[PDB]
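[1] The sequence isn't on hand, but the structure is:
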Ligand SMILES: Nc1ncnc2c1ncn2[C@@H]1O[C@H](COP(=O)(O)OP(=O)(O)O)[C@@H](O)[C@H]1O
Ligand SMILES: Nc1ncnc2c1ncn2[C@@H]1O[C@H](COP(=O)(O)OP(=O)(O)O)[C@@H](O)[C@H]1O
Ligand SMILES: Nc1ncnc2c1ncn2[C@@H]1O[C@H](COP(=O)(O)OP(=O)(O)O)[C@@H](O)[C@H]1O
Ligand SMILES: [Mg+2]
Ligand SMILES: [Mg+2]
Ligand SMILES: [Mg+2]
C-alpha cells in the first residue's frame, strides 16, 4: 500500500502520495470562523472554513493559525486540518496508508507524542513515522554531506550532517521566519499611511511581501539609493481598487533575516548562525560543510538571498575556503520531496512505527524509534 | 395554514398572502375625518373614513397620516388601518394566519414592541415576525450579496449584506423620502401662483409629482435648458379644469434627493450615503458590493434616477472598480415580494414568534427572536 | 525667551508657555462655516469661525475637524487653527518663541514633515520639536519606567519604557478613541426615539457623553440590573428645553473600549493591547512594568476605568505579579504637563531643530533629530 507524506508547516500544508515528485495538495494552514451575524435564513452556513475556502471568504472571518513558531498550539483546529486534508484534498481514507510526518529539531517532546496519539487513535493509520525536516531536505538533494538551512514560516534551523552521521550538538534553531517579516512589514507600511490591522489584511500584507520584497546585497547602498532616487519604488493594488506605493520597505522587510535587531531580538543573523554551526564541527569536516550549504523553505525565496548568504559567510570564513550556496528552484517543496524519496526507499520499510507497537508501548515509543 | 404578509409603508399599505406573486391590497395609509357641518338627515354618516374611501371623499375630510418618518405616531389610527386591511381588503380571519410585518433599521424599540403587542393581543395572530426591509428586498432579488437603498415614503435607509452576514455597523439611514419631496414641490409651485394649502391639495401635489417629476442627469445643464427654452414645460389639470404648467420644478423636486440642502438639511445626498456605507465595510468585500448595488422602494421609481446614481457612484469610487446599479421594474413592491418568498421558505417556520412564547416572555421577545 | 508647548490633540487644542502648570488656552479643534442665506446687509461677516466662537454660533454652521485619527487631513484649516492659537489665544508672535509639539507613535511621516514645514515657513518660529505623546506622559509622572496608555480623542496607543529605554517593537497603536464612542452613542440613542444627525447635535451628544457615561465593572451584571430595574436612568436637558432620558447607554458606550466588537472592529480591547505590549518585552522587565502602568489622555476620565483595567490585567497576567494602575487626577493634560517639564530642562536645549539646521537640511531633518 502507498504511504502518505504530510508536511504540516506553520504556514502551508504540503500533503500527497509517496512516489510522486510534488505535493498533491497545498493549502494554507488556517481555520476561520465568522465574526458577523447571519440574517438570510437558509444561508450563511458552515460556521468554520479551512484552507482556500476560508481564504476566499476572509472578508467576514477571523483567521486562526493552529501552528505557531513551529510548535502546535491548537489541537482541535489541527485535527480539523488533518481531516480536511485526508478527506477532501487527497480524498483517501487514512486508516489504510502508512504516514510520514515531519517536525523541526529541538521541539517539545509532547508535540510529537500527541501528534502520534492523534494519528493512531483517530485516523487509525496502519503505521507512521516522524522525520526531522532537515534530513528530508538533504535527501531531496541527493547529498550525504551538507549543512541544511531551512527557513519556513515560523522557524529557521540549521542541521550539520556528514556522510550520514548528524551532529546533534551543532544544531541551531532560530525563531525568526516569514511571519515575523510579515508583521514587521505591516508595521513599516504605516510609515507611509497604509494601515492594515485585521487578520484578513495580514493576508494582503503577506501577498505584498511575496509579490514585491527582495533582499539588498549591500544594505547601506540600497538605503541611500532609495532615499535619493525613485527607480526602486513600486506600486501594488488592493482588493478594493486602491493602489499603494512602497519604496525602500521592499528591501527593509527581508533584511530582518540578517539583522534580527530590526525587531529587537538579540540573536545573530542567519549568516552568522550558520557559520557558528559550522565552527562547532570537528576540524576535519568544516571544509566539506563550507561547500554544501543547502537552503530550503519558503522564506529563502527572496531574490538576492543566495548571493547575500554567500557574501556574508565568505566574509567570515578563512579566505582559502570555498563557500558554495546550493538553492534549487524547487526548494519551496524540498522537504516534501525528500519525504517522498525517504518513504519510497525499500530499506526504509523496516523503520515505520506500527499500530501494534503503539498498542504495546503507546506514544512514548515515537522518541525511541525516531530521532 | 397560509400566513399573511403585511408591509406597512409610511405612505401605502401593501398586504397579501404568503407565496403569491403580488400584493392583494394596496391603498394609502390615511384617515380622514369630516371638517364641515352636516345638515342632511340620514346622510353623510360613518364619521371617519380610511384609505380609498378617504381619498374619494377628500373634499370634505381632514386627511392625517398615522406614520411619520417610518415611526407609528398614532396607534389609535394604525389599529384602524390594520382593521381596515384585514376585515375589508383581504377579508380574512386574523386568528387563522401568521403575520410577517416589516420595519426599517434604527427605529425606536418601542415601535416593534408595541407592534407585536397589538398583533398578538388585538388580532390574536397565532404567530408573527418583524423582518427588516432591506433583507426582504434582497430576498426578492434572489441574491445573497448586495447593498440595498430602500427609499420609501418616510425613510431612505442603506443596508449592506455579504453572503448572508449583514454588517450592522455600516447601516446608514437618512430621513428624507417621498413626503419631503411632496412638501418641497408644494412649496416651489407657489412661484407660479398655484397655492396649495389643504391636505387634499397635498394629495393633488403628490399626483403631480408622480405623473411628471423626473431626475435630471446633469442638474445644471437641465436648469439652463429649461431657463433658456420652454421645451420641458408640461401641463397638468386639477380636478376642476384649471390647467397648471410646471417647468423646471419637475426636476427641482427630485433633485433634492441628491442635494438635501435644498430643504435646509446638511447631510450628503443618497449617492454619498451609499458610498460611505460601502467604505465602512471590510476591504475584501467592497469589490462585490460595488457590483450588487440593489435599489428598492417607491421613491426610486423616478425616471433617470438609476443613471444618475451610476454616474455619481462611478465618479466617487476608484476607477478600476466596476459599479452596477440594479433596479427591477417591480421594485415598488420588492419588500413585500421578499416577504412572500421568506414566509414561503421551508426552514423559516421555526423562527416565528408564537403566541405562547410571547405570553411567557412578553414583548421583549421580539428583540431576541427577530433581527 | 520662553518656549511654547502646543499639544495639537484630535479633539482639543492645549497650548501655553513651557514651565507653567496648566495650559494657557484650551479650545476645541474645529472650524465652522455658515450654511444659510446672509440676508441682512452689513452683517453676517467673518465667513468662517474657529474654536469657542465657532461653537457659540454652531446653530448656523457646519463644523469640521482638521485632524482625523491623530492625522492632519485639512491643512488649510489646521494652519488656520494655529494662527488662531498664536495670535488670539496666547496673543504672542511665535517668531520669538521656540515651540514644542506632540504626535502619536506609528504615524505617517509626511504628517510631521509637513507640520515642521508649516511651523518654520509660515510662523517663523526659531526652533521646534516633535515628541511622541507617551514619552511626555511619562515625564508627567516623573517615571523612567512604566507602560503608558494614552487614549485621546483620536487614537489610543500604548508605549512601554524601561529605565529610560524605549521598546519600539513592543509599541502598539489602536484607532479607537473618544470620537468612535460618541458616534456609537449617537447610534444607540436612536433606539429611544431621539435622533442626532447634525454636527451641532454631535456636539450635544459629546456633552452628553462627557456627563452621563461611566464604565461597567461587570458588563453582564450591569445589563441584568438595567433590564431588571429603572435605577440607572438619568435625564439630560437639550438646548431647546426638551429633556431626554437614557438607560444602559450610559455604560454601553464606554464599554466599546474593552469590546471593539460592538462597533464592528475585530481588534482586542485596550486591556489585551496592554497585556500583549507587556509580553512583547523582555522577561526581566515585565515584573517592573506590571506595577508601573500609567494612563493619560481625556478618554480615560470615564469613572471606573482604572478599576476595570485593574481587573482585566489581573485576569490575564500571572497571579504572583502585581498590577497597579496609576491614574493621576490631572491626566487629561498629562501630555502638555510633560511638555512643560521637558522644555524647561537645560540638558534638552541641545535637541531643538533650529531655523539654521532646517535651512541646511530641509524638513527631512525631523526624522533624524526627533524621536
Ligand atoms: N516567493 C516568496 N518570497 C518571499 N516569501 C515567500 C515566498 N513564497 C512564500 N513566502 C513566504 O514563505 C512562507 C511559507 O513558506 P513555507 O515553506 O511553506 O513554510 P511552512 O511550510 O513551514 O509553513 C509564507 O509565509 C510566505 O510569506
Ligand atoms: N412613479 C413614481 N414616481 C415618484 N414617486 C412615486 C412614484 N410612485 C410612488 N411614488 C412615491 O413613492 C411613495 C410611496 O412609495 P412606497 O415605496 O410604497 O412608500 P412606503 O415605504 O411607505 O411603502 C409615495 O410618496 C409616492 O409619492
Ligand atoms: N471627563 C470626560 N469623560 C469622558 N470623556 C471625556 C471626558 N473629557 C474628555 N472626554 C472625551 O475625551 C476626548 C478629549 O480628550 P483628549 O485627551 O483631550 O483628546 P486629544 O488627543 O485630542 O487631546 C473627547 O472626545 C471627549 O469626548
Ligand atoms: Mg518547512
Ligand atoms: Mg417601503
Ligand atoms: Mg491628547
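    Sure, I can see it. Numbers count the residues shown, from 1 in each chain, chains lettered A, B, ... in the order given. Ligands and ions are numbered 1, 2, ... in the order given.
[2] got a list of what the residue nearest to residue A:21 when sequence neighbours are not counted touches?
    Among residues not flanking residue A:21 along the chain, residue A:337 sits closest, at 6.6 Å (CB to CB, 6 or more residues apart in numbering or on different chains). (Each C-beta comes from the backbone N, C-alpha and C, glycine too.) Contacts of residue A:337 were listed using CB atoms under 8 Å, 6 or more residues apart in numbering or on different chains, and they are A:21-22, A:136, A:140, A:330.
[3] And for residue A:301?
    A:331-332.
[4] Give me every residue in the stretch 201-350 of chain A lying close to ligand 1.
    A:206, A:209-210, A:297-299, A:301-302, A:332 (CB under 6 Å from any ligand atom).
[5] try 5 Å this time
    For the stretch 201-350 of chain A, the contact set with ligand 1 under CB under 5 Å from any ligand atom comprises A:206, A:210, A:297-299, A:301.
[6] Mind giving me the PyMOL command for buried ones among those residues?
    Buried residues among these (16 or more other CB atoms under 10 Å in any protein chain shown), as a PyMOL selection:
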select buried, chain A and resi 206+297+298+299+301
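[7] Please go through the residues of the stretch 201-350 of chain A next to ligand 1 and note which also touch ligand 4.
    residue A:297 (CB under 5 Å from the ion).
[8] Going by distance to ligand 1, which of the residues of the stretch 201-350 of chain A next to ligand 1 wins?
    residue A:298 (2.1 Å; CB to the nearest ligand atom).
[9] Tell me how far that closest one lies from residue C:121.
    Here residue A:298 is placed at a distance of 49 Å from residue C:121 (CB to CB, to the nearest Å).
[10] hey, where'd the helices end up in chain A?
    For chain A, the helices defined by DSSP state H occupy A:52-56, A:75-84, A:109-121, A:133-140, A:178-189, A:199-212, A:219-228, A:249-252, A:270-279, A:286-290, A:305-314, A:334-344, A:355-361, A:365-368.
[11] Any chance you could list what contacts the third one?
    Just to be clear, that refers to helix A:109-121. With CB under 8 Å, 6+ apart as the contact definition, helix A:109-121 has outside contacts at A:71-72, A:75, A:78-79, A:82, A:94, A:99, A:101, A:103, A:125, A:128, A:130, A:353, A:355, A:358, A:363-367, A:370.
[12] Filter the residues you listed down to the buried ones.
    Neighbour counting with 16+ other CB under 10 Å marks A:71-72, A:78, A:82, A:94, A:99, A:101, A:103, A:125, A:128, A:130, A:353, A:358, A:363, A:365-366, A:370 as buried within those.
[13] Can you tell me the closest non-neighbouring residue to the residue of the stretch 151-300 of chain A found nearest chain B?
    Nearest to chain B in the stretch 151-300 of chain A, going by CB to the nearest CB, is residue A:241, at a distance of 3.3 Å. Counting by CB to CB, 6+ apart, residue A:241 lies nearest to residue B:318, which is 3.3 Å off, once chain neighbours are set aside.
[14] Check the contact between the one you found and residue A:240; I expect there is one.
    Yes: judged on CB atoms under 8 Å, residue B:318 makes contact with residue A:240 at a distance of 7.3 Å.
[15] which of these two has more neighbours?
    Ranked by neighbour count (other CB atoms under 10 Å in any protein chain shown), residue B:318 and residue A:240 place residue A:240 first, with 20 against 14.
[16] Now do the same contact list for the closest residue to the more buried one other than its chain neighbours.
    Spatial nearest neighbour of residue A:240, chain neighbours left out: residue B:286 (4.0 Å); criterion: CB to CB, 6+ apart. Going by CB under 8 Å, 6+ apart, residue B:286 touches A:239-241, B:278-279, B:321.
[17] which residue of chain A sits farthest from its center?
    residue A:41 (41.0 Å; CA atoms, centre = their mean).
[18] Skipping adjacent residues, who's closest to it in space?
    residue B:348 (5.2 Å).
[19] Next, count neighbours for the one you found.
    Neighbours of residue B:348 under the rule other CB under 10 Å: 18.
[20] Touching, it and residue A:43? I think so.
    No: contact criterion CB under 8 Å: residue B:348 and residue A:43 do not qualify, at 11.7 Å.
[21] So the closest residue to residue A:304 other than its chain neighbours versus chain C, what's the distance?
    Excluding the flanking residues, the one nearest residue A:304 by CB to CB, 6+ apart is residue A:215, at 4.1 Å. Distance of residue A:215 to chain C, computed by CB to the nearest CB, to the nearest Å: 21 Å.
[22] can I assume residue A:215 is in contact with residue A:254?
    Yes: Residue A:215 is within contact range of residue A:254, at 4.6 Å (criterion: CB under 8 Å).
[23] Now the common contact residues for these two.
    A:302, A:305.
[24] Chain A against ligand 4: which residues are in contact?
    Residues of chain A lying near ligand 4 (CB under 5 Å from the ion): A:9, A:152, A:297, A:335.
[25] residues near the last one, how many?
    Pointing back at residue A:335 there. Neighbour tally, residue A:335, other CB under 10 Å: 29.
[26] same thing with residue A:212?
    By the measure other CB under 10 Å, the count of residues near residue A:212 is 16.
[27] for residue A:175, same thing?
    Neighbour tally, residue A:175, other CB under 10 Å: 15.
[28] Next, the contact list for the closest residue to it other than its chain neighbours, please.
    Excluding the flanking residues, the one nearest residue A:175 by CB to CB, 6+ apart is residue A:69, at 5.6 Å. Taking CB under 8 Å, 6+ apart, we find residue A:69 in contact with A:10, A:154-155, A:175.
[29] ok, residue A:69 to ligand 2 distance?
    Per CB to the nearest ligand atom, to the nearest Å, residue A:69 is found 56 Å from ligand 2.
[30] Got phi/psi on that residue?
    Here is the backbone geometry of residue A:69 (degrees, to the nearest 10): phi 60, psi 10.
[31] how near is it to residue A:263?
    Distance, residue A:69 to residue A:263, using CB to CB: 14 Å.
[32] List the ones among the buried ones among the contacts of helix A:109-121 that fall in strands.
    Per DSSP state E, strands hold the following members of the buried ones among the contacts of helix A:109-121: A:71-72, A:99, A:101, A:103, A:128, A:130, A:353.
[33] Go through those residues and name the one nearest chain C.
    For those, the residue nearest chain C by CB to the nearest CB is residue A:71; the value is 16.4 Å.
[34] Please go through the contacts of residue A:69 and note which also touch ligand 1.
    Among the contacts of residue A:69, ligand 1 is touched by residue A:10 when using CB under 5 Å from any ligand atom.
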